[PDB]
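These notes are about the structure you will find just below.
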Amino acid sequence: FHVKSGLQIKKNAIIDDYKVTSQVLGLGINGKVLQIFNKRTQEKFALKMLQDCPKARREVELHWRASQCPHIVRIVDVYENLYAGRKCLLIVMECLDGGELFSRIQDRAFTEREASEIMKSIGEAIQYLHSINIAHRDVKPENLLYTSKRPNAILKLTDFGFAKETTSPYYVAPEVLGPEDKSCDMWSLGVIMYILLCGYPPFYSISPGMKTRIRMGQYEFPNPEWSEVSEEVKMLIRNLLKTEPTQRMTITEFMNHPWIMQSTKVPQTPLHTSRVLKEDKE
Amino acid sequence: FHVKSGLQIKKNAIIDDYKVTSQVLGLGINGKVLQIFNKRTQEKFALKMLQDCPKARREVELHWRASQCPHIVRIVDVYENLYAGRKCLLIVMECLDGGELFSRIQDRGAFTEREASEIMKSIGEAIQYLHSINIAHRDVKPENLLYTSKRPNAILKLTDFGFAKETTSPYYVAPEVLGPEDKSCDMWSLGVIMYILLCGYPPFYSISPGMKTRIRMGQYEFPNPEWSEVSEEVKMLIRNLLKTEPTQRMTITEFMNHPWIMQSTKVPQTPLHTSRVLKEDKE
Amino acid sequence: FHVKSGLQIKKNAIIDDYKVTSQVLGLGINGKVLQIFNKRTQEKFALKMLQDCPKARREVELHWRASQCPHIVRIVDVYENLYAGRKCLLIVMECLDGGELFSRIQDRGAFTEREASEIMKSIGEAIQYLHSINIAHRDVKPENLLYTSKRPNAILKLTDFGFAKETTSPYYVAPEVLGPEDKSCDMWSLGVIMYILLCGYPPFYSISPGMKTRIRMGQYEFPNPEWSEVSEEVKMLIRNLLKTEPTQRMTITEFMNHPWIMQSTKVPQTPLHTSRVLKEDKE
Amino acid sequence: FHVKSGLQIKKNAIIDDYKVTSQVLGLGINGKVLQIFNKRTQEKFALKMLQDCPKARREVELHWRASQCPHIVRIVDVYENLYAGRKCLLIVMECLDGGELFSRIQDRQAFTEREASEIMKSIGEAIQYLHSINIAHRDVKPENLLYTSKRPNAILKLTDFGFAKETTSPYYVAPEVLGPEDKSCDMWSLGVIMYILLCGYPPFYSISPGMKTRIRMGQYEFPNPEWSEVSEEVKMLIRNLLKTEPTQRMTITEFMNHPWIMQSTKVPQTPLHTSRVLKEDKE
Ligand SMILES: c1cc2nc(N[C@H]3CCCNC3)c3c(n2n1)NCC3
Ligand SMILES: c1cc2nc(N[C@H]3CCCNC3)c3c(n2n1)NCC3
Ligand SMILES: c1cc2nc(N[C@H]3CCCNC3)c3c(n2n1)NCC3
Ligand SMILES: c1cc2nc(N[C@H]3CCCNC3)c3c(n2n1)NCC3
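Protein chains in written order, with the deposited numbering: chain A, 46 to 153, 157 to 216, 227 to 238, 241 to 265, 271 to 347; chain B, 46 to 154, 157 to 216, 227 to 238, 241 to 265, 271 to 347; chain C, 46 to 154, 157 to 216, 227 to 238, 241 to 265, 271 to 347; chain E, 46 to 153, 156 to 216, 227 to 238, 241 to 265, 271 to 347.
Here it is as structure tokens:
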């Protein structure tokens, strides 16, 4: 009988439990992510502040449900306090110190086997969310951070600000179970896999022409980046980057795919990712 | 000029033409299925009774059209009589005595792949006919697939049109332009039946709101030792039937053209664990 | 900075610029296509006349945008004049003299597969351009595919924008998020044209409400001896074009990336029965 | 009988008349503003490109009507051309080389009150013209106020009609009766600009949902030592422009009749801290 706690929204002042610093960990959509310290344990945590509204409360609740998943940033506690007379919602999460996804890759020969291990970890985050009827709708590398600078660090998905719930006899078809989109997550998965295997997006900028290339579905696997990469892997990208959402690959299908399913037993054929990624163009 | 008869709803008392017994052949959705006897011929027939309403008249009319198909239980005649002052609709069908689909399979204790294919072909012809005349069954499951006789030459036939529904009112005109229509649920059903035929248990067991998830997510397995000896072609066919998204799923025309179905004669006899696994009734 | 001219609707009498003959080049949907001559150059051009309305002005405007594409009949100038007190819209295009698609095929009594591919590639570029600027032709058939001259170097061009319609008003944004749009009918049409090119007859003959069925169902064959020598790759391409469900069907970008099209030069010359089979006019 | 030309939208390729360079004069709302050269005269002009739609055509038309006003950037000619198959709208304007409003003020000596008034008068005449022909700019800010040349006789001109909008379709008839209409936002903007001109910083700094508050509430100060020497008359004029309630706020006609504006010549030269305070860029 495996039961976990419900979400408790703490009403007491956050400063009773945490030392809140002004150190900005990262600027983002909903605001500044601040570094804070647990008074009793002295561990570092991240703090995200939002104006308290039902939409805000809905997202936090989804993230809370999601926090059980190993590859989703864990919400440790949530407060509802009063800041400047405005009713605010303070969200405390595990501090991910290992940096963004692509930042780690460029700071080192990058193997294919390691790309697969990354894609498998990102996919488990989507699989969990989709299996509990949650669509992230903002899966991009800015929202994939490592827990520590350590090389055993686990990769974790963050920012549930666009997250949305997808819903309120053995022959009943999926359609009959009810109307639902989460295909955009899988599109995002395809873009991320593309950049991981090569080092640049499949749709660059010019800009109203980039809107076309997406709508049309026109992208290439140009050499010398892609020459050494298998037809199997290119096929997987192609099924992720399907223009029509109903044609596109589902998360269950993705995770069952050999390249993902066998992250252990997969070629180490070097990639140009680390090199190509190095082009900052400041 | 091949013309068949229109549906005639007989107003005369059914007891003039048939001896109606109280022997219950099977309890079902719309009620009890009774065994009856043709007075003039003395043959056994099944009788289904429904309250007479336009919805009822519509289903019967669909079944009647369908009754020309070899693998759909045949409606022999239809009566509209008065029972208890309520206006009733009495449907008389060919009587199927050979038992449900899986029942026959478990009572031969070795089941071959070739024979599963022949079954799926026969079930598919029933769906092909229905779909080809714009009818969606929407209740294709083993309970509604019965054999004509206990004989081993028995032909398998589809029954229960209670959820049946009609799907409708220059050589370059596309399918979409011909009109707006779903019948993909019949193909999902076909996939589930094929899964159970090849192994002996559903692809989605019960835990229960988690089973709703496994269907919506499309997660199922081909676990050994049941599926080990079954080909990648067959698994692929199930995989195309059990597509979560209806527009992605296989159509009936595609299914019937697939080699495993199209060549039911020239297909391996590789034994299946179906009969064994099916034997677990768990009373 | 590659900029081309905007559409200018000339208000001056067309007779000032052109000698308009009474020779009918072809009868069609929106009217007769008349042969005309540029006074100053003495070149042959085709003239299409429509009643001037915003629907007419919109189509013309699309054809104008499309006229930059090599495989789309070029609009040379457009006039708005008064004819019989009714306000008319006179469209002048390049005169295509080489005849319809299948006419040129049968007048060479030995048609190779490689040549079919080069045709499909040319037709596909016309669709690719249109779809890439959010235009859907919705009337792609051989009647509207004509050659520029009787010359064998003639280029094939798409015509008749009377049913043309516009399909519209952060690197991770999905195509669905860019906005709601159909142009899959153009790809179906492409599949039908390809079928006839490789064999000599449609994939859906007539009988007539049965032909409506065969389309809606997706039932067509690759019968021998027409198709025996044709590869599985090519049949597979037709099969993806003739998908009943529009969302399953092949997109133009996908079509043009397909090796048979992409490698129109490095493709077998395996003879086709097209020229022979096509010859049966049955007058 | 003082009549001016209507707007002619030229269809010919802009490159026929102008040499379009790749030099970006400024990045903006609707796109990059490129420098171009008139082939026949060799003068420098600015080019703004927009996607051609009725909304785009509406704004351009307003700007065209407005271009007669001395203090509004002058549209010299407009083209409708085809760029990349997309139908575009190319707008050619007089080129303003003198830089933005505040840029000039800092690059100098002290800044006098008399000069601020002359600026406010020039900006007010732009609003007065627009409002008198029922146009509301809705984007009057310093970024959109540029000088014609680096010369100190340069005239200040309003730009960017991307948010511009038309405010409309017996001597005792009240203004309300003439019809329903907002252009008070242009006057609020005028108040903010005047505040910054007299001191060197906005009246609403950032602290961000709290800056939304300070605006909604209407809370701002005239702090010393910036405002100490500035008269009660000038402060009062700001207070009438910065009225929270739009119906309470000053109209353009009232603004221009106000003595500080009306007597830009006969007004104190009391030095301002603007030039000093503005110098704080904080890179
Ligand atoms: C939990 C959440 C979080 N978000 C972070 N930064 C966010 C900012 C908004 C977009 N995604 C990245 C950072 C973190 N953490 N830790 N640690 C270092 C920077
Ligand atoms: C025609 C129809 C029919 N329906 C039957 N039984 C139905 C009951 C409802 C669900 N499907 C099976 C039986 C039959 N028949 N014969 N013979 C034996 C039992
Ligand atoms: C441009 C357009 C056009 N349309 C033509 N004829 C149209 C008639 C309607 C259906 N499609 C073909 C002909 C032409 N042209 N040339 N030359 C010979 C006959
Ligand atoms: C006319 C219009 C225009 N717009 C300009 N730049 C705009 C960019 C959008 C916001 N306002 C400023 C510049 C110009 N001009 N000249 N000359 C130098 C820079």
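Yeah, the Cβ is synthetic: ideal placement off N, Cα and C, and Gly gets one too.
Of the residues assessed, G130/C falls on the exposed side of the cut-off, its CB having fewer than 16 other CB atoms within 10 angstroms.
Scanning its chain for C-beta atoms nearer than 7 Å, with the 5 sequence neighbours on each side dropped, one finds around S248/C the residues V187, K188, in chain order. Within chain C, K276, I279, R280 have C-beta atoms less than 8 Å from the C-beta of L235/B, given in sequence order. The beta carbon of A101/E sits no closer than 8 Å to any beta carbon of chain C. According to the DSSP assignment, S339/A belongs to the alpha helix (DSSP H) that extends over 338 to 342. Under DSSP, the beta-bridge partners assigned to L92/A are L79/A, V137/A. Under the Cβ criterion of 8 Å, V298/C is not counted among the residues facing chain B. Between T214/E and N181/E, the C-beta spacing is below 8 Å.
Of all residues in the stretch 173 to 186 of chain B, those with a C-beta nearer than 9 Å to a C-beta of chain C are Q175, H178, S179, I180, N181, reading in chain order. Check the Cα spacing between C244/C and each of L256/C, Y260/C, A211/C, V230/C: the tightest is with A211/C.
The alpha-carbon separation between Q327/A and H322/C amounts to approximately 29 Å.
Contacts with chain A at 8 Å (Cβ-Cβ) include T308/B. Contacts between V65/B and chain A, judged by CB atoms closer than 9 Å, are missing: the closest CB pair is about 32 Å apart. For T86/A, the number of other beta carbons within 10 angstroms of its own is below 16, and it is reported as exposed. A distance criterion of 7 Å places the beta-carbon of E139/C in contact range of ligand 3, judged by its closest non-hydrogen atom. For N126/B, there is no enclosing alpha helix (DSSP H); the enclosing beta strand (DSSP E) covers residues 120 to 128. Proximity of the stretch 170 to 181 of chain C to the stretch 110 to 121 of chain C meets the contact definition, three or more beta-carbon pairs being nearer than 8 Å. Separation of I81/E and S295/E (C-alpha to C-alpha, rounded to the nearest whole angstrom) is 46 Å.
Buried is the label assigned to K93/A, since at least 16 other Cβ atoms lie within 10 Å of its Cβ. In the three-state scheme derived from DSSP, where H, G and I count as helix and E and B as strand, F208/E is classed as coil. Straight across, the Cα-Cα distance linking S272/C with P227/B is about 10 Å. Not a single CB atom of chain A sits nearer than 8 Å to the CB of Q113/C. For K64/E, the uninterrupted beta strand (DSSP E) run begins and ends at 63 to 72, by DSSP. Between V78/B and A58/B, the C-beta spacing is not below 8 Å.
The beta carbon of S164/E sits closer than 7 Å to the beta carbons of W324, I325, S328, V331 from its chain, once the five residues preceding and following it are set aside; these are given in chain order. Taking a cut-off of 8 Å on C-beta distances, the stretch 250 to 259 of chain E touches the stretch 331 to 345 of chain E, as three or more cross pairs fall below it. Cα atoms of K307/A and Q96/A: separation of roughly 37 Å, rounded to the nearest angstrom. Rounded to whole angstroms, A231/C and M320/A show a C-alpha spacing of 21 Å. For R278/C and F263/C, the gap between their C-alpha atoms comes out near 7 Å. With a contact defined as Cβ atoms closer than 8 Å, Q312/A and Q312/B qualify at about 7 Å. Note on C98/A: under 16 other CB atoms within 10 angstroms of its CB, so exposed under the neighbour-count rule. Note: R131/E is bridge-paired with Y128/E in the DSSP secondary-structure output.
Chain C has a Cβ within less than 8 Å of the Cβ of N126/E.
The beta carbon of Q312/A sits closer than 8 Å to some beta carbon of chain C. Contact check for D152/A against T195/A fails: the beta carbons are separated by 8 Å or more.
The Cβ-Cβ distance between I252/C and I170/C falls below 8 Å.
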